[PDB]
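Asker: Provide a 3D model corresponding to the input given below.
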Amino acid sequence: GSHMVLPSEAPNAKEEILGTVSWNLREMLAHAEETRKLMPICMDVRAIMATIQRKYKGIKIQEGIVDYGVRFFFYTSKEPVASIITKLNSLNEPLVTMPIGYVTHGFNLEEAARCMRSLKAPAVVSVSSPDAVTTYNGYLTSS
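Answerer: Numbers count the residues shown, from 1 in each chain. And now the structure:
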């Protein structure tokens, strides 16, 4: 059985956020939707996917630039952090994401942050702790 009606709504925020923040996932999906900003995601992290694909029904994982509610970019477990960054160079869109090559691909916060300066596109970053926005910003300042 099927029926799909919901409160669709129009975001109109002229503004935009920069730097790292201490958001999580739903906060991010809101701002992403709001601004139509681009969201790099890794299908590897099924925990993230089990939220997205449920918030944006009927989707059944894809690869590539996933226009599905939010503008996503689905890059593999197998593509290195410098390679996905090189790809994102062509797009050069304002992003909002978590520190990408931090945990799915086995890094540390430092190694993540360094690699992320090599991204030549704007990117709001979200760490799952406030006390780490400081640390992460610190790497972005110090390397």
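Asker: Show the contacting residues for the spatially most central residue of the chain.
Answerer: Most central in the chain under Cα atoms, centre = their mean is residue 97, positioned 2.6 Å from the mean C-alpha point. Contact analysis of residue 97 by Cβ atoms under 8 Å, 6 or more residues apart in numbering lists 28, 39-41, 123-126. (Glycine included, C-beta is placed from N, CA and C.)
Asker: Quickly find the element holding the closest residue to residue 75 other than its chain neighbours.
Answerer: Spatial nearest neighbour of residue 75, excluding adjacent residues (Cβ to Cβ, 6 or more residues apart in numbering): residue 84 at 4.4 Å. Applying DSSP states H and E as the criterion places residue 84 in helix 81-91.
Asker: got a list of contacts for that helix?
Answerer: 38, 40, 65, 73, 75, 79, 95, 100-101, 105, 107, 112, 115-116, 118-121.
Asker: let's see it at 10 Å
Answerer: Residues outside helix 81-91 that contact it (Cβ atoms under 10 Å, 6 or more residues apart in numbering): 38, 40, 42, 64-65, 71, 73, 75-76, 79-80, 95, 97, 99-102, 104-107, 111-112, 114-121, 123.
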